[PDB]
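There are 2 protein chains.
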Amino acid sequence: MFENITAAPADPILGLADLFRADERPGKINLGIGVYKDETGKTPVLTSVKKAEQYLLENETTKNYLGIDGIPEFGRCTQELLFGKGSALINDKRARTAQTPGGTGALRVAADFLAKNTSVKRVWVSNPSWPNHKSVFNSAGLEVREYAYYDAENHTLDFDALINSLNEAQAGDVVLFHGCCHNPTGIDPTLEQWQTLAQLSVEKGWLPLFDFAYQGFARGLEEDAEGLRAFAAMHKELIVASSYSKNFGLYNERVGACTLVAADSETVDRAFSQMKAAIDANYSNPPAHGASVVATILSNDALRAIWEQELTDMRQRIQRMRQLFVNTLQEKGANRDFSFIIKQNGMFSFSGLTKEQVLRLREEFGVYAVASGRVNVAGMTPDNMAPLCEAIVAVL
Amino acid sequence: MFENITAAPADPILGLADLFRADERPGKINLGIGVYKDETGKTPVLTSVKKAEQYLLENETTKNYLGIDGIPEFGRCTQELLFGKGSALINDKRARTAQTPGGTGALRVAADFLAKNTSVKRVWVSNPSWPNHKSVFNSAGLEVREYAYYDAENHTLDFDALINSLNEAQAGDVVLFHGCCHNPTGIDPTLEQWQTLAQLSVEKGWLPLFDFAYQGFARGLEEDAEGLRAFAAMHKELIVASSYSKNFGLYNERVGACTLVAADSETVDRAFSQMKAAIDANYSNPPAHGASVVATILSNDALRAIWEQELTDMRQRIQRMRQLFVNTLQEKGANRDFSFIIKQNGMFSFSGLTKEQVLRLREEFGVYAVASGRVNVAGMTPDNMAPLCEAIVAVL
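Protein chains in written order, with my numbering: chain B, 22 to 417; chain G, 22 to 417.
Set out below in structure tokens:
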């Protein structure tokens, strides 16, 4: 029935870093770990986090249902975080926002709501893509269509190619644009480059969707939130599926947003009254906690000032691990240009470790990087650099 | 596109109690409010709640991603809450559990996972049904099929009728059984009565699903969790989609479970490895908070002992409002037998207020009960009884 003749074959969190406990090793680190990690390789409760949580405990008098759209401040600031300021999408009210359990959990929200109401059948992808994006897309119809993103060799973005096999298929066809920077590649489009495909998405029907997981990680937070803004006062209709789990260190309590910015007020009202609709049908109403905690910081003149900064270093640290990794090669290695990393936004970079390198790695080297030469510059440590940079130059 | 030729017509939280602020009234209460409310008609942060939350704040060192299945204790106790003890479904390991954002959010989980893997096309319903169950069901295929539940007149359960037009359609057809007691009706099957349809679901293919939102509200918690247990060491395959939001007063932080109890270990493993699968595709991984907080109480010998009891009175209070409502009529009213309530589990009862009674109610009476003669015995107060019981006997 249900019973047998069931497949199994699960999501590869596990392509790496699980049984890292493994065969009782002296192993350095786990690299290609998604989440962020310090010089002790710890995943902490910020401070901001906790200083806001103190608030709640004593201030919260009701764990009563939170609205279907979650909370409205969470939005108003989500909103001015995204693209806004005093800025008119906010004042046009061309923008209407949703409290979603994750950005992951605001990307399917995007699916099943756009399946119906909207004339969507396909989702144009990116390659390499964050592969939980092929999956959550056929979660309610649709199909993903993986265009040309990274062109290998000189480890960068192909615009020659992307602007070719993306360009392709039909007017009511959507894409989901990728923030500042990428997964698995750390690669991005420049505002020159992006601004340039904004007018080309204005001119081909298209109609965007964006995955905004990392603001102020390796570009800035605001200029890194402008590679969206390129589009924002350009389009008419679009959507942002955003997170707080990377920049707030709030992975577990589930928070993101589903901002549909339709062309009016009254439109943005109903294209969304149906966006309103979706929520109910699974998890009617969002969780409060991490959500509460994102609005609260922003609110306290002296709490976000401490968050923004607690964010700054989560970066300084990433940006650090790049320049370091590479010194450790020019300084150590002297082989190939290990170069290209530093100048790629995020914690992710697509190492050029063609596959069974990444394998004659997990042994008598007890080292982990997820198959695609995909590493976490986040779990790349000062104390962890040296050991690593030996086992790279050994594997070549 | 998305833009216009969008419908709107939203979920009627709103069939009542929103604009209750309304036309500047002296109005009593809002009755038919779902959530629970005290003698001050407040929706509180229990104590248990907060005493567990103190724990977390200081004890929690990571807001790092929670597993896709959420936490395992949450399950192990969910598990022994459900049906277990030292009891073998637990030790057969015929049962395998999921941390879900709600029971609402563990009922679609049930849908899209059973759509595929499993040979399901229809969901047999109940009438009156909790109407967020027609909706979240066509959320990924399927169709609901509303059998005979309540037969009106002498305001009870029809077994004559239910055992007739439920019985009907085909072997790979499922139902979702309704806990102890009901929504909107407060009506239940007895263990004699239920035990009697257990062997008749064993004999017709069928294969259950249960909605377990209210344990220990107007039957007991355990005997009220046995009207499941009737089935549990009966079936082979089934599922429970449970909540903590009513019994934990944790509406907002989102918690429930998705317990698939397949016939073995290795089966329960894969019919579920696909149950494992679903989670990812929307909200990969559950929120921690309220989830954390449910396991923690159970754990502390002296914290659940305080929760179980904080639960006891949330009931004493409901059970109170029944006997009272009715005194207030025999004592006040003297008309019809207002009787039937007290002896119906939960906070809900299906008042016999045929529709435009419930309407020549919301005026110069400023009173609210959601259309179907559907009231909250939870928002029925001592100070609120008298006023109410005047406007009933006035409307007849």
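Built from N, CA and C at the ideal position, the CB exists for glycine as well.
Rounded to the nearest angstrom, what separates residue i and residue j at their Cα positions?
{"i": "B/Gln-344", "j": "B/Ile-413", "result": "16 Å"}
{"i": "residue 434 of chain B", "j": "B/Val-396", "result": "There is no way to answer for residue 434 of chain B, as the model of chain B reaches only from 22 to 417."}
{"i": "G/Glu-384", "j": "G/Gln-340", "result": "29 Å"}
{"i": "G/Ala-190", "j": "G/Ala-278", "result": "28 Å"}
{"i": "B/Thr-121", "j": "G/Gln-75", "result": "26 Å"}
{"i": "B/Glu-243", "j": "B/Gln-216", "result": "16 Å"}
{"i": "G/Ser-264", "j": "B/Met-368", "result": "38 Å"}
{"i": "B/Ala-283", "j": "B/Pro-408", "result": "52 Å"}
{"i": "G/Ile-92", "j": "G/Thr-317", "result": "11 Å"}
{"i": "G/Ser-286", "j": "G/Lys-297", "result": "15 Å"}
{"i": "B/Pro-47", "j": "B/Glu-24", "result": "42 Å"}
{"i": "G/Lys-376", "j": "B/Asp-245", "result": "56 Å"}
{"i": "G/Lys-106", "j": "G/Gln-236", "result": "16 Å"}
{"i": "B/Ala-234", "j": "B/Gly-200", "result": "7 Å"}
{"i": "B/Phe-386", "j": "G/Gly-248", "result": "56 Å"}
{"i": "G/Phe-104", "j": "G/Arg-250", "result": "6 Å"}
{"i": "G/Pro-33", "j": "G/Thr-206", "result": "18 Å"}
{"i": "G/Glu-224", "j": "G/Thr-288", "result": "21 Å"}
{"i": "B/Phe-180", "j": "G/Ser-305", "result": "31 Å"}
{"i": "B/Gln-295", "j": "G/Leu-37", "result": "21 Å"}
{"i": "B/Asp-194", "j": "B/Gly-53", "result": "32 Å"}
{"i": "B/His-176", "j": "B/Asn-366", "result": "13 Å"}
{"i": "B/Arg-240", "j": "G/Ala-136", "result": "43 Å"}
{"i": "B/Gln-214", "j": "B/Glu-94", "result": "33 Å"}
{"i": "G/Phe-293", "j": "G/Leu-324", "result": "32 Å"}
{"i": "B/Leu-35", "j": "B/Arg-42", "result": "13 Å"}
I'd like the list of long-range same chain contacts for residue i, defined as Cβ closer than 7 Å, with 5 residues on each side in sequence excluded.
{"i": "B/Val-379", "result": "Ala-390, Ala-392, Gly-394"}
{"i": "B/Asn-405", "result": "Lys-49, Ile-50"}
{"i": "G/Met-342", "result": "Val-398, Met-401"}
{"i": "G/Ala-169", "result": "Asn-148, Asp-179, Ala-182, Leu-183, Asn-185, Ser-186, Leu-187"}
Could you give the first and the last residue of the continuous alpha helix (DSSP H) run that contains residue i?
{"i": "B/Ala-407", "result": "403-412"}
{"i": "G/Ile-339", "result": "328-348"}
{"i": "G/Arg-42", "result": "Note, G/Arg-42: premise wrong, no alpha helix (DSSP H); not H, not E."}
{"i": "G/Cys-98", "result": "94-103"}
{"i": "B/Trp-227", "result": "No alpha helix (DSSP H) holds B/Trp-227; DSSP gives it neither H nor E."}
{"i": "G/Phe-180", "result": "It is not in any alpha helix (DSSP H) - G/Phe-180 carries neither H nor E in the DSSP assignment."}
My assumption, with CB atoms under 8 Å, is that residue i sits in contact with residue j. Please give the rounded CB distance.
{"i": "B/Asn-273", "j": "G/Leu-87", "result": "5 Å"}
{"i": "G/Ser-69", "j": "G/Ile-363", "result": "G/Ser-69 to G/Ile-363, Cβ: 28 Å. No contact."}
{"i": "G/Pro-403", "j": "G/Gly-270", "result": "Contact flag wrong, Cβ pair sits at about 21 Å."}
{"i": "G/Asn-85", "j": "B/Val-56", "result": "6 Å"}
{"i": "B/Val-196", "j": "B/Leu-187", "result": "7 Å"}
{"i": "G/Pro-149", "j": "G/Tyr-171", "result": "6 Å"}
{"i": "residue 422 of chain B", "j": "G/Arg-291", "result": "As shown, chain B starts at 22 and ends at 417. That puts residue 422 of chain B outside it, with no answer to give."}
{"i": "B/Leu-319", "j": "B/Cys-410", "result": "No, B/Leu-319 and B/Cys-410 are not in contact; Cβ-Cβ is about 40 Å, not under 8 Å."}
Apart from the five residues just before and just after residue i, which ones in its own chain have a Cβ nearer than 8 Å to its Cβ?
{"i": "B/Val-157", "result": "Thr-125, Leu-128, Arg-129, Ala-132"}
{"i": "B/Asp-301", "result": "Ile-89"}
{"i": "B/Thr-83", "result": "none"}
{"i": "B/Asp-59", "result": "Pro-65, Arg-338"}
Quick one: is residue i buried, meaning 16 or more other Cβ sit within 10 Å of its Cβ, or exposed?
{"i": "G/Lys-267", "result": "buried"}
{"i": "G/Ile-26", "result": "exposed"}
{"i": "B/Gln-337", "result": "exposed"}
{"i": "B/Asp-334", "result": "exposed"}
{"i": "G/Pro-229", "result": "buried"}
{"i": "G/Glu-331", "result": "buried"}
{"i": "B/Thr-211", "result": "exposed"}
{"i": "B/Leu-110", "result": "buried"}
{"i": "G/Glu-174", "result": "exposed"}
{"i": "G/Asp-358", "result": "exposed"}
{"i": "B/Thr-99", "result": "buried"}
Please confirm if residue i has its CB atom under 8 Å from at least one CB of chain A.
{"i": "B/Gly-237", "result": "Looking for chain A here will not work: the only protein chains present are B and G."}
Please return the same chain residues whose Cβ sits closer than 6 Å to the Cβ of residue i, not counting the five positions on each side in sequence.
{"i": "B/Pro-308", "result": "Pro-122, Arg-275"}
{"i": "B/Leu-178", "result": "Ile-208"}
{"i": "B/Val-165", "result": "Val-144, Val-146, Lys-155, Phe-158"}
{"i": "G/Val-388", "result": "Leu-382, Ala-412"}
{"i": "G/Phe-198", "result": "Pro-229, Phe-231"}
Looking at the unbroken beta strand (DSSP E) that takes in residue i, where does it start and where does it end?
{"i": "B/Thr-280", "result": "277-282"}
{"i": "G/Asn-112", "result": "Element bounds for G/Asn-112: not the beta strand (DSSP E) but the alpha helix (DSSP H), 109-113."}
{"i": "B/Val-70", "result": "Careful: B/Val-70 lies outside any beta strand (DSSP E), inside the alpha helix (DSSP H) at 69-80."}
{"i": "B/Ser-147", "result": "Premise fails: B/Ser-147 is in no beta strand (DSSP E) and is neither H nor E."}
{"i": "G/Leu-128", "result": "It is not in any beta strand (DSSP E) - G/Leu-128 carries neither H nor E in the DSSP assignment."}
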